[PDB]
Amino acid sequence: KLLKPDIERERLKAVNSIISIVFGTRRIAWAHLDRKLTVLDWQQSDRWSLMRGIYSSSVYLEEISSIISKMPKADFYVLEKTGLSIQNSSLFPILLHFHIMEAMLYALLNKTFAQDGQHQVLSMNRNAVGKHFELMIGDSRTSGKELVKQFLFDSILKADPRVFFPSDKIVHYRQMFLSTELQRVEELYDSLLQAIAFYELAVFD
């Protein structure tokens, strides 16, 4: 239930790095984390041309191809599996957008699937990630902004933390968090938390 499709515990425990991807209706963000829990890259971008009343596959292709052209190679690419269902009609536009994004990411990031048939793109249960970080109110999630801010601006550093930021990147990551803090880019926070949760729940059991 946590991860789909089903990957052998062997390939999961031997991961060297993942790219965790989270998107909304307006923005997308991703984080590259290695098995040392080091944040090798962490980016967000406002894909403002999407979700403007039309569902043009050609525009989705241009946007998603541009997004992934900035991603380094990783063992797995992890997307959110949300709680949206077909029964609610008022959420149809969002659900359709999410499935198109997910479909092209599955297709474009599985660069060798046609030759080896091994899945590299996974969907991770967002509700389970929310419970893991105690971000739930009711059965929905609250913001992980404050929890990410703790990781990024904690003072102690006298015990092994749950996530590491390199020295060359920590200055940029902090300027990125503060410059986008007023806009509250939830996808940026959620991509980091999903990557941490992937290692804590699926790699280092």
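The first residue of the sequence shown is number 1, and the count goes up from there.
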- Query: Can you tell me which stretch has the higher mean Cα B-factor, 178-186 or 12-20?
  - Reply: 178-186
- If you average the Cα B factors in the entry, which is higher, 79-87 or 121-129? 79-87
- Item | Out of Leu50, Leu61, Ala29, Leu152, highest CA B-factor residue | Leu152
- Message: Ranking the modelled residues of this chain by C-alpha B-factor as given in the entry, is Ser65 in the lowest, middle or highest third?
- Response: lowest
- Query: Lowest, middle or highest third: where is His99 by Cα B-factor in its chain?
  - Reply: lowest
- Query: Can you tell me which third, lowest, middle or highest, the CA B-factor of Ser57 falls into for its chain?
  - Reply: lowest
